[PDB]
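*Asks:* need a structure here:
(chains A and B)
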Number of protein chains: 2
Amino acid sequence: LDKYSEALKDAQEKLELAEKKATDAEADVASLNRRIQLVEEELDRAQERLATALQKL
Amino acid sequence: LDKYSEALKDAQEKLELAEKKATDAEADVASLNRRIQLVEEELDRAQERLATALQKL
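*Replies:* Numbering: from 1, shown residues only, chains lettered A, B, ... in the order given. Here you go, the structure:
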């Protein structure tokens, strides 16, 4: 029981940690997703501003 | 023993899956970091092209 309980608390700690590796990686990708959405939106707005500047050109 | 063994196979599988999720979340952090950087670089390029188009304008 202790071998499984220990393996379990460790699987659970590893799980909480891995969940946090994922949660933090998720927070980071989410931060990045917000950045890609904002930057890519600016890429497109800059590209649109550019298209506008070029069309105006 | 089974409550813990079962909780363990599940905590352990959840760990492999949380670790996988972390792997994928991190793969996505890295793939997005690459993409965010690509949109930031392309944005800087759109902005440089915009400054250029605007100067040409």
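*Asks:* can you list the residues of chain A near chain B?
*Replies:* With C-beta under 8 Å from any C-beta of the partner chain as the criterion, chain A meets chain B at residues A:1, A:4-5, A:7-8, A:11-12, A:14-15, A:18-19, A:21-23, A:25-26, A:28-29, A:32-33, A:35-36, A:39-40, A:42-43, A:46-47, A:49-50, A:53-54, A:56-57. Just so you know, the C-beta spots here come from the backbone N, C-alpha and C atoms, and that holds for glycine as well.
*Asks:* repeat that with 7 Å
*Replies:* A:1, A:4-5, A:7-8, A:11-12, A:14-15, A:18-19, A:21-22, A:25-26, A:28-29, A:32-33, A:35-36, A:39-40, A:42-43, A:46-47, A:49-50, A:53-54, A:56-57 (C-beta under 7 Å from any C-beta of the partner chain).
*Asks:* And the host helix or strand of residue A:30, what does it pack against?
*Replies:* For residue A:30, the host element (DSSP states H and E) is helix A:2-56. Packed against helix A:2-56 by the contact rule (3 or more C-beta pairs under 7 Å, 6 or more residues apart in numbering or on different chains; DSSP states H and E) you find helix B:2-56.
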